[PDB]
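Take a look at the structure below.
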Amino acid sequence: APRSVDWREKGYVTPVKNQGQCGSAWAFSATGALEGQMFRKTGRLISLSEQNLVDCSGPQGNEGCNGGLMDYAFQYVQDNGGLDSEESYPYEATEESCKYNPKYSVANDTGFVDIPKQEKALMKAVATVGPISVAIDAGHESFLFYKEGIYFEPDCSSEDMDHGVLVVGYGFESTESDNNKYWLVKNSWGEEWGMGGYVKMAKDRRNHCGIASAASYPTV
Ligand SMILES: *[C@@H]1O[C@H](CO)[C@@H](O)[C@H](O)[C@H]1NC(C)=O
């Protein structure tokens, strides 16, 4: 029910990462949600290998630096029966042959769940579960240049999303608020982008940028 949530303060979230020049955001969104649920489970925050996902999760539907889905990622961790740590399987920003090594697994998952397409459900799910993997229309130059404040983009689509990110919670602006409410969104473009890597994004403004059209998370 909370009028504010920040999972970064409860220890759920790793420091901002950078996918570099590789369409692997689906993989940073996925590890982000898996890092969170692994923490809820064990009380241990261990950073997870995106390269593992990029290299190995093709059989689940993912296409490396050419793109992918978070759901596919969670499916691979299940099928595979583990995922390697960031330390053991470092990120390289390019597609290589699979080097997974069951000895270095530090996370598991058991399925995933998809939140229905409602900023109400997505409010619930943040509050209940953990950080949530979501997809957004990021394909505007205002998103490139974003520095601070609450992101709103008139030409944003709620149906055509192109970029996976992580909702680590939500707030509001103005000691009150209809307005101005924001989602708290961790990106994977390095800390130099946005607000040290994060972005506040319009919440309950008609599913802005489709932040709720494709939400999900891993069961553990
Ligand atoms: C993941 O789960 C499988 C089967 O439940 C188990 O064999 C494996 O040891 C687990 N790995 C970790 C790192 O928890």
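Residue numbering for the sequence shown is 97 to 316, as defined by mature numbering (1 follows the signal peptide of the UniProt record, and there is no 0).
Just so it is clear, CB atoms sit at the ideal spot from N, CA and C, and this is done for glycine as well.
About 6 Å separates the beta carbons of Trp103 and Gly226, which is inside the 8 Å limit, making them a contact pair. A direct Cα-Cα distance of roughly 8 Å separates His304 from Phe248. Per DSSP, the unbroken beta strand (DSSP E) holding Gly265 starts and ends at 259-268.
Between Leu165 and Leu144 the beta-carbon gap is near 17 Å, outside 8 Å, which marks them as no contact.
Residue side-chain check: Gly157 keeps its Cβ at 6 Å or more from all non-hydrogen atoms of ligand 1. Only buried fits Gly290, as 16 or more other CB atoms lie within 10 angstroms of its CB.
As the crow flies, the alpha-carbon of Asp300 is around 16 Å from that of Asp251. Here the region 261-269 lies against the region 218-237, with 3 or more beta-carbon pairs under 8 Å apart.
Within the same chain, Cβ atoms closer than 7 Å to the Cβ of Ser125 are found at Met166, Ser229, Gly260, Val261, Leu262, the five residues on either side in sequence being excluded. For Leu280, the enclosing beta strand (DSSP E) starts and ends at 277-282. Relative to ligand 1, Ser181 has its C-beta separated by 6 Å or more from all heavy atoms. Judged by their CB atoms, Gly292 and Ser254 are not nearer to each other than the 7 Å cut-off. Under the Cβ criterion (8 Å, minimum of three pairs), the region 205-224 does not count as touching the region 235-245. Classified as exposed, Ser193 has fewer than 16 neighbouring CB atoms from the shown chains inside 10 Å of its CB. Rounded to the nearest angstrom, the gap between the Cα atoms of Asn204 and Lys213 is 26 Å. Distance from the Cα of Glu183 is smallest, within the candidate group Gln147, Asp256, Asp274, for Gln147.
Secondary structure of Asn162 (DSSP, three-state): helix.
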